[PDB]
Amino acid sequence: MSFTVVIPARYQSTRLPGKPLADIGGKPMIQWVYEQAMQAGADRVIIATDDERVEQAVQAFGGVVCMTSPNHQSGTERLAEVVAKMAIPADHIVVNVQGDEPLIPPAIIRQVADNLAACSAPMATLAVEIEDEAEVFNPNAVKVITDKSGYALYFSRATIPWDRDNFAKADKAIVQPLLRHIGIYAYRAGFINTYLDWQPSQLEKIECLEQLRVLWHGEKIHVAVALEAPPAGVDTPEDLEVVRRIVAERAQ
């Protein structure tokens, strides 16, 4: 089994402008993500960016970088262009890892690739078990449920499975965990064009969940519990200071 990791780097942010290049212990944020991907055993790692500053910084650590169009609308159109420009074969496993995750556990990057290779779905993703009321009823925490083979039945901002008996109480009891989707995906490279070209579903627009396109078109997404729950993506100066502390402590 071999797989390639593609990491989109988004330069623009009102809270952390130039985020991919934020210095963390002497390396830009994007380099840390790159290096987590290498530690996962990826045969190849590719930063996708539309900003020349990112290109230059990645070249300066010897990283592979693919320049993509500034006019893309979704991170799937972006991934599609990398697959085309870098000539990635249709059967090759690609893992999409967000460029704002410098502390992503390498084991889960490998996990999602391994899961895709082992199953009959063209796409694989992961979830974390949740049981705190905060996230269980939080529409920003996307819930997912699976069949006996691990294929997703549905993803939703609604609280799925609804516990009829325990959620009626008004003092809503949580007696078993739910599964919260995490934003890491593995695809057969050729499937990315299939996904891209499929007629958009109404479901995906109502829920604001792109992956519902796949379900609506009758195709499968494998889902597994992540081996280790990943830290949240870095969005603010406060989040960045937390990562700087963790990274500094990794040298102590």
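From 1 onward, residues are counted along the sequence shown.
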Ranked by mean Cα B-factor in the entry, 195 to 203 and 208 to 216, top stretch is 195 to 203
Higher avg CA temperature factor (48 to 56 vs 26 to 34, as deposited) belongs to 48 to 56
Among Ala170, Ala141, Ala121, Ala113, the highest C-alpha B-factor in the PDB entry belongs to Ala170
Reading the B-factor column for Cα atoms of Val95, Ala107, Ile182, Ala84, the highest value belongs to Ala84
Of the three thirds of the chain ranked by Cα temperature factor, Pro102 occupies the lowest
For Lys148, the third of its chain by CA B-factor is the middle
Tertile call for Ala134 (CA temperature factor, within chain, third-based) is the highest
Of the three thirds of Cα B-factor ranks in this chain, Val223 occupies the lowest
Sorting the chain's modelled residues by C-alpha B-factor and splitting them into thirds places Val247 in the middle
